[PDB]
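Heads up: the sequence shown begins at 1 in the deposited numbering, then just goes up one per residue. Even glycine gets a Cβ: it sits at the ideal position worked out from N, Cα and C. These notes are about the structure you will find just below.
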Amino acid sequence: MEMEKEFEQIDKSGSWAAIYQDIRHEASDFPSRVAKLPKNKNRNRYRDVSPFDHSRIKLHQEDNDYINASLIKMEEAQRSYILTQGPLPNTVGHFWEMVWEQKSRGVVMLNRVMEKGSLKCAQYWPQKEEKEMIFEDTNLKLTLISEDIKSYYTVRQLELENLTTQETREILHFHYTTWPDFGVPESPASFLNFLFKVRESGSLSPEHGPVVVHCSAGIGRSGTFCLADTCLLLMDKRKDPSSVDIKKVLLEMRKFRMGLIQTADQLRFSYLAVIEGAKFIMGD
């Protein structure tokens, strides 16, 4: 069922809240024992958001390998993503260890450091070229090289150096700065633009590690980003683009991380973004 019609149907019926609840109900449930251990309580930002044990990312170190991060592996679309929470004070060092060890090229950021008057993640990159950041627990150095600021998003070039071996890599930081404090954007135009800029960079391509994407919890806006990407990629690849069922993709992704897509407004916005994106993917 062409999602564009399915859309007008739900919209006129005002059924979005029931569709979304159908997904909550059918969504997988798997253990999260490692995340609930007591030594990891201060590695989790929210008590109700944990990664499944079967898909969690592990840090390469014997001490404690835990981080609140999941690998979503979309097998038909040939895309991989790592979804993680905005880093905490005591986990910024683990975050950049993750980026190193998985050979990622891009970081994608969908939230501001402060929203609604509270802190939604730590200031985990450097803001001035001459003031670099050092992470002593994981022996890494991080430096700002350039910065390109636009109306709807900002792109930064950073240099991550492994102090133990002195290798260095170039990481790209894609920071979407204008998602409203409440609800969702009225148009997907700028969110879709942001995506194509991430695509154009190479950061989603298989010659690199998986991309790291995050918001505050790593399930809401982060969910919207990679559901849209995958869905548009599938419309390119199939004989019949109208066979792409967005609810089925979401449910497949939710086998890898709980909670993806947090409200019914987001679900709707996701549909909207794919429909407009399609009107480039299918030649226009």
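Checklist line | Among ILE275, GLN78, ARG45 and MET258, the one whose alpha carbon lies nearest that of residue 288 | finding: Residue 288 cannot be examined here, being either before or after the span of the chain that is shown, 1 to 284.
Item checked: Simplified DSSP assignment, three categories, for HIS25 -> Collapsing the DSSP output to three states places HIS25 in a helix.
Next item on the list: Confirm, please, whether the CB-CB distance from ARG254 to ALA77 is below 8 angstroms.
Entry: 8 angstroms or more divides the Cβ of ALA77 from the Cβ of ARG254.
Notebook entry, point to check: For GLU129, which residues of its own chain have a beta-carbon under 6 angstroms away from its beta-carbon, when the five flanking residues on both sides are left out?
Noted result: So the list reads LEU144, once near-sequence residues are dropped.
Note to self: Can you tell me where the alpha helix (DSSP H) holding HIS94 begins and where it ends?
What the structure shows: Where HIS94 is concerned, the enclosing alpha helix (DSSP H) starts and stops at 92-101.
Notebook entry, point to check: Secondary structure at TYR271, three-state DSSP: helix, strand or coil?
Noted result: The answer is helix: DSSP assigns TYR271 an H, G or I state.
Note to self: Whole angstroms are fine: how far does the CA of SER55 sit from the CA of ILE134?
What the structure shows: In this structure, the alpha-carbon of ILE134 lies about 29 angstroms from that of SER55.
Note to self: Is the separation between the beta-carbon of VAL212 and that of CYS226 shorter than 8 angstroms?
What the structure shows: In this structure, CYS226 does not lie closer than 8 angstroms to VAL212 by Cβ.
Checklist line | Closest Cα partner of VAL155 within the set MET109, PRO210 and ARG268 | finding: Restricting attention to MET109, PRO210 and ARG268, the CA atom closest to the CA of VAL155 is found in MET109.
Notebook entry, point to check: Under a three-way DSSP split, which group does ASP148 fall into?
Noted result: If DSSP states are grouped into helix, strand and coil, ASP148 belongs with the strands.
Notebook entry, point to check: Taking the DSSP output, what are the residues bridged to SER118?
Noted result: For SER118, which the question treats as bridged, DSSP gives the partners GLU115.
Margin query: Measuring only the C-alpha atoms, how far is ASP284 from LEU195?
Written below: Between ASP284 and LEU195, the C-alpha separation is close to 17 angstroms.
Next item on the list: Could you please give the first and the last residue of the uninterrupted beta strand (DSSP E) stretch that includes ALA69?
Entry: For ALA69, the enclosing beta strand (DSSP E) starts and ends at 69-74.
Note to self: I need the straight-line Cα distance from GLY259 to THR224, nearest angstrom please.
What the structure shows: Their Cα atoms are separated by approximately 11 angstroms.
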